[PDB]
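You are given structure tokens for the same protein chain in two forms, set apart as structure 1 and structure 2.
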Structure 1
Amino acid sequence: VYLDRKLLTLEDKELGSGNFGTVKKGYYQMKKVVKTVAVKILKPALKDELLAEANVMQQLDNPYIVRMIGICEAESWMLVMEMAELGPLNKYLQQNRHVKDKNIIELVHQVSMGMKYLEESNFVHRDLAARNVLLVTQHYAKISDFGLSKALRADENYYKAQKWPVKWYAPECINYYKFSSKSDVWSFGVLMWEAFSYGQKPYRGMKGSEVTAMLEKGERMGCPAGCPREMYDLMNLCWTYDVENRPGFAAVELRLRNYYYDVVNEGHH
């Protein structure tokens, strides 16, 4: 969990940025191999947020979720993770607009498998967006960015909160401050839309309070160009207003798994 600063070699160039500080590429001398890493580097609230985040990732063991190597206290606090070379999903789709439809279904299914696992593990993500999906290859996606994440209490199906990615948030989060796995299902809907719109921001040119107004009227973002109908049906299903009747990730992953098998069969035919 605690890494040795001497074994860590940072690079100058910064790969990305957030409120916390920077993301830089580096190397960590493992037992015999050198391993390529991404490091979150801070610029007291922020400090504690990094320790909590690291404590969450430590518990997570799945092929579709970013792996934490460990943490380090030097110049600043550093959270060290295995590296996803091709970067955040949204940027990638913005710069590769001819990625095939089958490839997108593949990647969002992988996110769904990682989210099904996370549900079973009783953690909520609370920031599930395409910028927080990281690509190892063009056919391998992983979920990261767990700074808003919560381990649910053994006696609760949701976490009660006390600045938010509003456009990814379910009605019950905005209205009642309650975040559950069904809430992440809602954001997955928005994530899919983002993926099929090739990295475009959702609800463009609308303020947070207008989006709320829109959803309450029963309005939803339209089908992206070239997006298969059944994938849009799945999006709308994820956007079930009422938590009770919204599907969980088991249902969502099953549906994505099966649709992907038809599309793979189609290709061969």
Structure 2
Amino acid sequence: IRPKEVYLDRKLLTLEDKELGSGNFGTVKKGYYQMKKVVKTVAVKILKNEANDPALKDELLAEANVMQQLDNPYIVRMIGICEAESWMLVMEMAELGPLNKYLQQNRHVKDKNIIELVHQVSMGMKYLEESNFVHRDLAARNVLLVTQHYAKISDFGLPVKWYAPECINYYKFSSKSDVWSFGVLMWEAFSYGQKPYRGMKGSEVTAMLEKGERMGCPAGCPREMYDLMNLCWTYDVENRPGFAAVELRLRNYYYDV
């Protein structure tokens, strides 16, 4: 849920002193946005335009207007934006944090629950595909959990080990290239947040994939889920499924299991 306008009132926003995470953009802080009867916990991305870039404002506003229309629940949605002491991108909070670190710390999560989470990710990706948006950086670190039963895709475009051969070779990014990344993501998920291609460098992964070699079936991963991973890793981009086909397969599978 979003208020009518994209611009939020800075006086209605409270930020935590502690930062959730930093980087070469700014930082992400936990916040609280005051609405009529309730208070909504939010994750606020803060952009200090340190080099006073005149181009930033236009870029951010064009993005916010696109974000205001992206309503699917399987994505981290924008609450709004505010031009205060810094630009603040007020997003939904996904309390449990990244999928990979979550699974790592919670080895008790069942295969059924992992299947549910990966199906929600394919629902979010199907939605982005339908909207002509390519993620470019789809990975388990980029799936944030609101609950153990509610996953949201973050930081979509608007990681060589997650790249489709045509990304590394011909610099071709598409939703089908994101399907390859979704295959790696499914591997990370069923592997409980373990690192893909452990100890390998990006050049070695390429050489491995050209041999027709793929990562093996994770311990306890259902066979049909490993088969779907492997289909996401179809070398030829023309025979690799899109997200509508992947989501429908996960959808049928989930409602039987």
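Throughout, rigid core stands for the largest set of C-alpha atoms superposing within 1.5 Å between the two forms. When a residue number appears, read it as a position in the sequence of structure 1, where counting begins at 1.
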query: If you fit the two forms on their rigid core, which residue out of 129, 71, 107, 84 shows a CA shift of at least 2 Å between structures 1 and 2?
result: 71
- request: Taking the rigid core as the superposition reference, indicate whether the CA of residue 34 shifts 2 angstroms or more between structures 1 and 2.
  value: yes
query: residue 251: CA shift of at least 2 Å between structures 1 and 2 after core fit?
result: no
message: After core superposition, I'd like to know whether residue 234 moves between structures 1 and 2 (criterion: C-alpha shift of 2 angstroms or more).
response: no
statement: Superposed on the core, the Cα displacement of residue 49 between structures 1 and 2 in Å comes to 8.5
- request: Report, in Å with one decimal, the C-alpha displacement of residue 20 between structures 1 and 2 after core superposition.
  value: 3.8
query: In Å, how large is the CA movement of residue 120 between structures 1 and 2 relative to the superposed rigid core?
result: 0.5
